[PDB]
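Trainee: Attaching a single structure in structure tokens format; questions to follow.
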There are 2 protein chains.
Amino acid sequence: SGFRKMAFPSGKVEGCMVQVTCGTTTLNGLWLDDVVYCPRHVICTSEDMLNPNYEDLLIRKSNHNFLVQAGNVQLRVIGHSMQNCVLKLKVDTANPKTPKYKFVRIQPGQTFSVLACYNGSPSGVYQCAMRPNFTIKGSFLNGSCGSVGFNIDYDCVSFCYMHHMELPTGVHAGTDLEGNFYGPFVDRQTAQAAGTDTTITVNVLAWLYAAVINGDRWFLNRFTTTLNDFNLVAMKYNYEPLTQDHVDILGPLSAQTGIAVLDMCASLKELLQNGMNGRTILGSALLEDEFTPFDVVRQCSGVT
Amino acid sequence: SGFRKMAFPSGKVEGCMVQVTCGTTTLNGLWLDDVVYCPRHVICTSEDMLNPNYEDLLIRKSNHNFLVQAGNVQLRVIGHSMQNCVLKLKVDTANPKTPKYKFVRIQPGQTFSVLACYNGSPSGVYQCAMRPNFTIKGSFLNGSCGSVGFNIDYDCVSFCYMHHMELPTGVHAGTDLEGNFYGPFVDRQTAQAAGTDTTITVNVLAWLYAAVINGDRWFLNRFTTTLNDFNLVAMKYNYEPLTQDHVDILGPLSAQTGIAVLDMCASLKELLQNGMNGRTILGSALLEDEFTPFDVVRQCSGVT
Ligand SMILES: *CC(=O)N1Cc2ccccc2[C@@H](c2cccc(C#N)c2)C1
Ligand SMILES: *CC(=O)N1Cc2ccccc2[C@@H](c2cccc(C#N)c2)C1
């Protein structure tokens, strides 16, 4: 037992990280098969970022201007193209460490691991959730651009995120591996406010089930509620509205614990209305929303 | 910017994980060079664990009784010996994926990453701290025994922990890689209570410096304190006494932020005495103690 914010083992992703330099700009790239994926703003200087015309800036770049270094070995660039906000640099060598992989565009509320990198070198790994406002609350300094987010299903890496930007609020924005931003964000040095960050209700409920399984039970009560009654409380506390889809996905946790989903909702309602009165749940003093129902089952069953 | 509980990239450790089976018991082993390290209780059944005589049980085991499987390839066992609470199984093949490594016995208050494993397969990675009472608050199910804790200094893995046990309180106990338990714990199915878990004061202060650097500043006040005045407050709130050594290690963070260590102590004193009044610090509603001063500098500077 015990419950932790666990990231996926990052080995399969570390073997894909490379450094990409263009002019005076260096960031991270993802090497899969004979293609290196990186943010298109690698072709900009901070001077260019104010209002870049990516198509015009790219015309001045040739294959030989993109320096791609895998650890300490230089890759030969034989092609380049722009797909949305990412550059795809065709190299003459397929990565021998390419895992079985997929590119997936995740939904808000879903979780993933980020392998933060600097100059093609991995520094750490942490678990994230794509916020309902399509931002992530990460840890990214200059040079971290091109670091990726991913999930792992046994031997298959599903890449879902590439880091591009930090909002003036300190929150993070980026794209899926096809270069399409999550949310309304553009790759430009301009003030772009993120919307209201709501709490992922289905994840908080999943985490309350993780809590009961691991022994933290003080918050269980004698009450029940309805989806509509619960959503009136969710709306006041800027929680996402809970749907029957959410209830269905909580099914296995409800079955394992014997606590009906609407009974767990009544516990969450009371925790929202009364606070935690100085107590903790799984070592946390706030309601944790960055564990999906899938993460709870995976962690509580020992999936490798 | 942004601040996260970040674990080290686990790739170098995943390449060392193997499965070790003895009789009907299966757990994880660590393959480095031509040696596989695992908990000695691999030779026990749950029946044996009540009061095992490890030396007597081991006499009935030959090299051929220890089945070591690296992913899907079987390793040939050419020797075995017991060192404290670990078994060292000499194999006929050196691990080709052995990183540059060291075995280190960490101090309480120090942090490390755990690669939780089941049947020699990695499931996830998370950041831990060795508690002042020599327990860790991990996430370990049956079959997780033999999972290791480590730190990474560029290319060198310093293994510090091997998981052996779960206390009836749900907290975790284990050994360094020489098989010596941290704390007073023995490898036996017996009630062993852990001592008072105190809060790692130097880590909370380091995390308050991480908070100021990243923008969370509400807790800064107009006060100062002394080491002795602060320790009177630390003792009441079961915080570790702060020493000049702790102040010295906080030196770089004090220099970077311009906030004198004793001024930060006065902020911590007020947070201990008044609570957080419904506010958060780096997305947390409690005072975080599982970031050392080294982790804060490493994360805030981008060390790979
Ligand atoms: C995340 C990162 O490494 N960087 C550094 C960098 C290097 C060259 C050009 C831009 C950047 C910024 C950046 C500024 C403004 C907008 C974006 C986007 N998209 C990125 C971030
Ligand atoms: C952590 C783990 O995998 N296991 C399973 C197991 C398998 C065989 C023998 C013992 C165990 C237990 C266990 C019980 C009691 C004490 C210890 C220790 N040390 C380990 C845990």
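As shown in the structure tokens, the chain order sets the letters A, B, ...; within each chain, residues go from 1, and ligands are also counted from 1 in the order they appear.
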As an NGL selection string, please: the residues near residue B:38 (cut-off 12 Å, only C-alpha atoms, same-chain neighbours under 3 positions excluded).
Mentor: :B and (16-22 or 26-32 or 35 or 41-43 or 66-68 or 80-90 or 120 or 143-148 or 161-164 or 174-179)
Trainee: Using only C-alpha atoms, determine which residues lie at most 6 Å from residue B:201, disregarding the query and same-chain residues fewer than 3 positions distant; provide the list as JSON, numbers by chain.
Mentor: {"B": [204, 239, 240]}
Trainee: I'd like the contact shell of residue B:57 - 9 Å cut-off, only C-alpha atoms, skipping same-chain residues fewer than 3 positions apart - returned as a VMD selection string.
Mentor: chain B and resid 43 to 44 48 52 to 54 60 to 61
Trainee: If you run DSSP on the backbone here, which positions in stretch 75-253 of chain A get strand (DSSP E or B)? Please write them as a VMD selection string.
Mentor: chain A and resid 75 77 to 83 86 to 91 100 to 103 111 to 118 121 to 129 136 148 to 153 156 to 166 172 to 175 181 199 239
Trainee: May I have a table of the residues of chain B lying at most 8 Å from chain A, giving each one's closest pair of atoms and their distance in Å to one decimal, counting only C-alpha atoms, ordered by chain and ascending residue number, as a Markdown table?
Mentor:
```
| residue | atom | partner | partner_atom | distance |
| --- | --- | --- | --- | --- |
| B:1 | CA | A:140 | CA | 5.4 |
| B:2 | CA | A:139 | CA | 4.3 |
| B:3 | CA | A:139 | CA | 5.1 |
| B:4 | CA | A:139 | CA | 6.0 |
| B:5 | CA | A:126 | CA | 6.7 |
| B:6 | CA | A:126 | CA | 5.0 |
| B:7 | CA | A:125 | CA | 5.2 |
| B:8 | CA | A:124 | CA | 4.6 |
| B:9 | CA | A:124 | CA | 5.0 |
| B:10 | CA | A:10 | CA | 5.7 |
| B:11 | CA | A:11 | CA | 3.6 |
| B:12 | CA | A:11 | CA | 7.2 |
| B:14 | CA | A:11 | CA | 6.8 |
| B:115 | CA | A:9 | CA | 7.4 |
| B:117 | CA | A:304 | CA | 7.1 |
| B:118 | CA | A:304 | CA | 6.6 |
| B:121 | CA | A:304 | CA | 5.7 |
| B:122 | CA | A:304 | CA | 5.7 |
| B:123 | CA | A:304 | CA | 4.1 |
| B:124 | CA | A:8 | CA | 4.6 |
| B:125 | CA | A:7 | CA | 5.2 |
| B:126 | CA | A:6 | CA | 5.0 |
| B:137 | CA | A:2 | CA | 6.9 |
| B:138 | CA | A:2 | CA | 5.6 |
| B:139 | CA | A:2 | CA | 4.3 |
| B:140 | CA | A:1 | CA | 5.4 |
| B:141 | CA | A:1 | CA | 5.4 |
| B:170 | CA | A:1 | CA | 6.3 |
| B:171 | CA | A:2 | CA | 7.3 |
| B:284 | CA | A:286 | CA | 7.2 |
| B:285 | CA | A:285 | CA | 5.0 |
| B:286 | CA | A:285 | CA | 5.9 |
| B:300 | CA | A:141 | CA | 7.8 |
| B:301 | CA | A:141 | CA | 7.9 |
| B:302 | CA | A:141 | CA | 6.8 |
| B:303 | CA | A:123 | CA | 6.1 |
| B:304 | CA | A:123 | CA | 4.1 |
```
Trainee: Calculated over only C-alpha atoms, which of the candidates A:230, A:209, A:103, A:185 has the smallest distance to residue A:292?
Mentor: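 So, comparing all the options, the nearest one is A:209.
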Trainee: Calculated over only C-alpha atoms and all ligand atoms, which of the candidates B:223, B:181, B:237, B:207 has the smallest distance to ligand 2?
Mentor: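 The closest residue to ligand 2 is B:181.
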Trainee: Which residues are close to stretch 253-258 of chain B, i.e. within 10 Å by only C-alpha atoms, leaving aside same-chain residues fewer than 4 positions away? Reply as an MDAnalysis selection string.
Mentor: chainID B and resid 205:210 212:213 247:249 262:264 293:294 296:297
Trainee: Taking the backbone alone, and naming residues the way the document does, which bits of stretch 174-217 of chain A are helix (DSSP H, G or I) by DSSP, as a tab-separated table (two decimals) with N, CA, C and O atoms, in the first residue's frame?
Mentor:
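What ended up in selection_33.tsv:
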```tsv
chain	number	residue	atom	x	y	z
A	201	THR	N	-13.11	17.01	-11.39
A	201	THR	CA	-13.93	16.29	-10.43
A	201	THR	C	-13.78	14.77	-10.45
A	201	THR	O	-13.66	14.16	-9.37
A	202	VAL	N	-13.77	14.15	-11.64
A	202	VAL	CA	-13.66	12.69	-11.71
A	202	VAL	C	-12.32	12.20	-11.10
A	202	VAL	O	-12.28	11.19	-10.39
A	203	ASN	N	-11.24	12.97	-11.31
A	203	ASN	CA	-9.93	12.66	-10.70
A	203	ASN	C	-9.93	12.81	-9.19
A	203	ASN	O	-9.35	11.97	-8.51
A	204	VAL	N	-10.59	13.85	-8.64
A	204	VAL	CA	-10.66	14.00	-7.17
A	204	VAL	C	-11.39	12.78	-6.58
A	204	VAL	O	-10.93	12.21	-5.59
A	205	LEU	N	-12.49	12.36	-7.22
A	205	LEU	CA	-13.25	11.21	-6.74
A	205	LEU	C	-12.42	9.95	-6.82
A	205	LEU	O	-12.39	9.20	-5.87
A	206	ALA	N	-11.65	9.78	-7.91
A	206	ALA	CA	-10.77	8.62	-8.07
A	206	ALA	C	-9.75	8.60	-6.91
A	206	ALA	O	-9.58	7.59	-6.25
A	207	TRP	N	-9.20	9.78	-6.58
A	207	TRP	CA	-8.22	9.92	-5.51
A	207	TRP	C	-8.83	9.66	-4.13
A	207	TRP	O	-8.17	9.07	-3.29
A	208	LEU	N	-10.11	10.00	-3.93
A	208	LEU	CA	-10.80	9.67	-2.70
A	208	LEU	C	-10.96	8.16	-2.59
A	208	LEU	O	-10.82	7.62	-1.49
A	209	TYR	N	-11.22	7.46	-3.71
A	209	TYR	CA	-11.26	6.01	-3.71
A	209	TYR	C	-9.85	5.47	-3.38
A	209	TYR	O	-9.73	4.59	-2.54
A	210	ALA	N	-8.77	6.05	-3.96
A	210	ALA	CA	-7.38	5.63	-3.62
A	210	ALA	C	-7.14	5.80	-2.12
A	210	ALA	O	-6.62	4.90	-1.48
A	211	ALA	N	-7.62	6.91	-1.54
A	211	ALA	CA	-7.53	7.17	-0.12
A	211	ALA	C	-8.20	6.04	0.73
A	211	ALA	O	-7.55	5.47	1.61
A	212	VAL	N	-9.45	5.69	0.44
A	212	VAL	CA	-10.17	4.66	1.20
A	212	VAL	C	-9.44	3.30	1.15
A	212	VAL	O	-9.29	2.61	2.17
A	213	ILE	N	-8.97	2.92	-0.05
A	213	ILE	CA	-8.24	1.68	-0.30
A	213	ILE	C	-6.99	1.64	0.57
A	213	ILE	O	-6.67	0.59	1.14
```
Trainee: With a distance cut-off of 6 Å and only C-alpha atoms, select the neighbouring residues of residue B:109, excluding the residue or stretch itself and same-chain residues fewer than 3 positions from it, and output the selection as a list in words.
Mentor: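 Those residues are residues 130, 131 and 200 of chain B.
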Trainee: Find the distance between atom CA of residue B:290 and atom CA of residue B:199 and write it in Å to one decimal.
Mentor: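 Interatomic distance here is 9.2 Å.
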Trainee: Pick out the residues sitting within 10 Å of residue B:236, and hand them over as a compact mmCIF listing (two decimals) with C-alpha atoms, in the first residue's frame; count only C-alpha atoms, and ignore anything fewer than 3 positions along from it in its own chain.
Mentor:
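Dumped everything to result.txt:
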```txt
# COMPACT_ATOMS: atom_id res chain seq x y z
CA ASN B 231 14.20 25.71 17.71
CA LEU B 232 11.79 26.30 20.60
CA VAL B 233 9.05 26.57 17.93
CA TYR B 239 10.29 19.78 13.48
CA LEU B 272 3.81 27.00 12.12
CA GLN B 273 2.05 29.23 14.70
```
Trainee: At a cut-off of 8 Å, using only C-alpha atoms, what residues contact residue B:94? Leave out same-chain residues fewer than 2 positions from it and give the result as a list in words.
Mentor: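 So the residues in contact are residues 32, 33, 34, 35, 91, 92, 96 and 98 of chain B.
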Trainee: Go ahead and save the residues from that selection, with N, CA, C and O atoms, as a compact mmCIF listing (two decimals), in the first residue's frame.
Mentor:
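What ended up in part30.txt:
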```
# COMPACT_ATOMS: atom_id res chain seq x y z
N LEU B 32 24.04 -5.50 -11.54
CA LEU B 32 25.14 -4.56 -11.79
C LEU B 32 26.41 -5.37 -12.00
O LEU B 32 26.69 -6.28 -11.21
N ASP B 33 27.13 -5.14 -13.12
CA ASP B 33 28.28 -5.99 -13.46
C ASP B 33 27.79 -7.51 -13.48
O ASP B 33 26.70 -7.74 -13.99
N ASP B 34 28.47 -8.45 -12.81
CA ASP B 34 28.09 -9.86 -12.79
C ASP B 34 27.42 -10.27 -11.48
O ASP B 34 27.55 -11.43 -11.07
N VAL B 35 26.76 -9.32 -10.79
CA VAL B 35 26.11 -9.60 -9.51
C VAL B 35 24.66 -9.13 -9.52
O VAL B 35 24.35 -8.04 -10.03
N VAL B 91 26.35 -14.03 -11.28
CA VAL B 91 25.90 -14.56 -12.56
C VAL B 91 27.07 -14.66 -13.53
O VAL B 91 28.09 -14.01 -13.30
N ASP B 92 26.94 -15.48 -14.59
CA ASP B 92 28.07 -15.66 -15.52
C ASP B 92 28.20 -14.54 -16.60
O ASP B 92 29.13 -14.56 -17.43
N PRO B 96 25.21 -5.77 -19.65
CA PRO B 96 25.75 -4.80 -20.64
C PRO B 96 25.21 -3.36 -20.48
O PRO B 96 25.76 -2.39 -20.99
N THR B 98 24.97 -1.94 -17.41
CA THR B 98 25.38 -1.44 -16.10
C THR B 98 25.86 0.01 -16.22
O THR B 98 26.78 0.31 -16.99
```
Trainee: Quick one: distance from atom CA of residue B:64 to atom CA of residue B:79 in Å, one decimal?
Mentor: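 According to the coordinates, atom CA of residue B:64 and atom CA of residue B:79 are separated by 9.3 Å.
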Trainee: Between atom CA of residue B:100 and atom CA of residue B:156, measure the distance and give it in Å to one decimal.
Mentor: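 Interatomic distance, atom CA of residue B:100 to atom CA of residue B:156: 4.8 Å.
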Trainee: For ligand 1, which residue among A:49, A:104, A:136, A:281 is the nearest when counting only C-alpha atoms and all ligand atoms?
Mentor: A:49
